[PDB]
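The chain that follows stands alone, in the form deposited in one PDB entry, written as structure tokens.
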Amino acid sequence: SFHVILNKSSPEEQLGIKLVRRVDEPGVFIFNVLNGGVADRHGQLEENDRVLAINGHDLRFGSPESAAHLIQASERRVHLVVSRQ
């Protein structure tokens, strides 16, 4: 796994990542990265990356709903632990 730090300019700003579940395996995955958004401009995240944790909260067997809630909860800093096949 590897670390990605994204910073929100405002607490309500979205990261520009659509997170999804999969029918046949556990995990929270990136479906797409929105052009010009925070994640896109940072440049590291790719489609199909798995989000393993956000700000120290484990998402290995978590949901995109929990991920969204955690992203929103942070005032600015979003520390993602990510894996890529």
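In case it trips you up, residue 1 is the first one in the sequence shown, and so on.
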query: Between 62 to 70 and 17 to 25 (mean CA B-factor, as deposited), the higher; finding: 17 to 25
query: Mean Cα B-factor comparison, 45 to 53 or 31 to 39, giving the higher one as deposited; finding: 31 to 39
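Keep in mind that the form deposited with a partner chain bound is missing from the display, and what follows is about it.
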property: Contact check for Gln14, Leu19 and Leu34 against the partner chain in the entry with it bound, heavy atom at 4.5 Å; result: yes
property: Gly62, heavy atom within 4.5 angstroms of the partner chain in the entry with it bound; result: no
property: The partner chain contact at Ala68 in the entry with it bound, heavy atom, 4.5 Å; result: yes
